[PDB]
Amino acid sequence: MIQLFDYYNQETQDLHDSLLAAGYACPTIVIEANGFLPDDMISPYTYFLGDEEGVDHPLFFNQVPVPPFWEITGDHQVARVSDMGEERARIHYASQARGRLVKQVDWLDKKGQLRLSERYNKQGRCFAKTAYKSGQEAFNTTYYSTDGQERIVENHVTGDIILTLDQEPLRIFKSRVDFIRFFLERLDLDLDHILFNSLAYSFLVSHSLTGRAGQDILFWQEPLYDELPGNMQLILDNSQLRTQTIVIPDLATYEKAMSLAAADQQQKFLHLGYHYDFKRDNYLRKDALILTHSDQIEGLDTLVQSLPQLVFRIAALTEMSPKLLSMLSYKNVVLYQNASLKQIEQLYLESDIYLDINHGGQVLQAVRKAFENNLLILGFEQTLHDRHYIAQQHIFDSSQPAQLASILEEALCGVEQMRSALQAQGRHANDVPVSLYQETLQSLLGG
């Protein structure tokens, strides 16, 4: 058994974490060249490079090696390399709880166009450089050993992948599918079942294995619209392919899927969800927690005077403009500025709501961390995503019913007044029991 995921992201982590809870621990393959992979997983691009497993000590933005005397600077969202004030590179931040960790540094020419992308892993090493031709089109990507030798050269124009491993002769793979396939055979992975999350290469590995016997499941996590993706058809229309099963954790689209699938054609759609591991129960207490980058929180003044019983805690690791420092005039508000990670954890204990009221960009997956801590989330239509975790009943217009939160919010007056609400956002995120996997699967998962 294997799980083969195109990309690594939270949607594939949730799918992966759920399956693992239900007793599915197989090897997991991410096709993407991602440099920060959970030790759980591997990738054919990063697998042969010689990095030491289980090391997390990435580069800090100012540890990027630069020409002598060149100046590294950066804020909380990005960084820069300069020669005499002239822009040279962009340092991009790996999105982690810890900030300013080096993911990818983008070198420029003197006219400012992108030329190289040098990629960093969780161990702080640079394992890949991407080279760009004229239009800022990707030419190729080289993957280096820890000794600086070419292990993988992937030509992006032709698709050809040149694989040269140590003390082995040179192998050319005509396509990404053919490379992954070499990787599966090379590791002698048991192919009973391939569970995969997309219609990209992770599918085309299955579609091209029909000669071999086994059956695979596709967990379809993306949105649906007027039609089906063309390829989501050939799994319904063809009867011989290794994958005859389409799991769709999001309900709302499962209905849209059943809508567009023909009456004969809906036998293949299984529906499921994810099993979240929540960190603690609610307790219905008095305290607000908002994470903002800067102001102003839409309708804070409105909500705060109207419900003076509720504690309001707002945090940032930036510093706060006196525009908001004006609002702590109230003894009703508590404000945390240049907030520590330690401090931001404490507030996720001491607050049972998260109002998604702020403007600008999101602060360290705050909407998610609220959901994992069973804080009831509400906001207006300008929400910092994810929309995954907030129920429709809970969302508001952009101050059209400016406050209608507050006493819909005030339905916090006791135990099953809430227990309703957190099954509302609990349902909307498609929370299911670990048992629901066990039932929904072993009708398929044999071998």
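So that there is no doubt, residue numbering starts at 1 and follows the sequence shown.
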### Task
Would you mind comparing 69 to 77 and 247 to 255 for me and telling me which has the higher average C-alpha temperature factor in the entry?
247 to 255
### Query
Once you work out the mean C-alpha B-factor for both 308 to 316 and 131 to 139 from the entry, which is higher?
308 to 316
### Query
Looking at 218, 228, 349, 108, which has the highest Cα B-factor in the entry?
228
### Identity of residue with top Cα B-factor, from 327, 195, 199, 375
327
### Query
Where does residue 38 sit by CA temperature factor within its chain: lowest, middle or highest third?
lowest
### Chain-relative CA temperature factor third for residue 44
lowest
### Task
Would you mind ranking residue 125 by its C-alpha B-factor against the rest of the chain and naming the third, lowest, middle or highest?
lowest
### Message
Going by the CA temperature factor in the PDB record, which third of the chain does residue 90 belong to: lowest, middle or highest?
### Response
lowest
### Query
Considering only modelled residues of the same chain, in which third does the CA B-factor of residue 52 rank: lowest, middle or highest?
middle
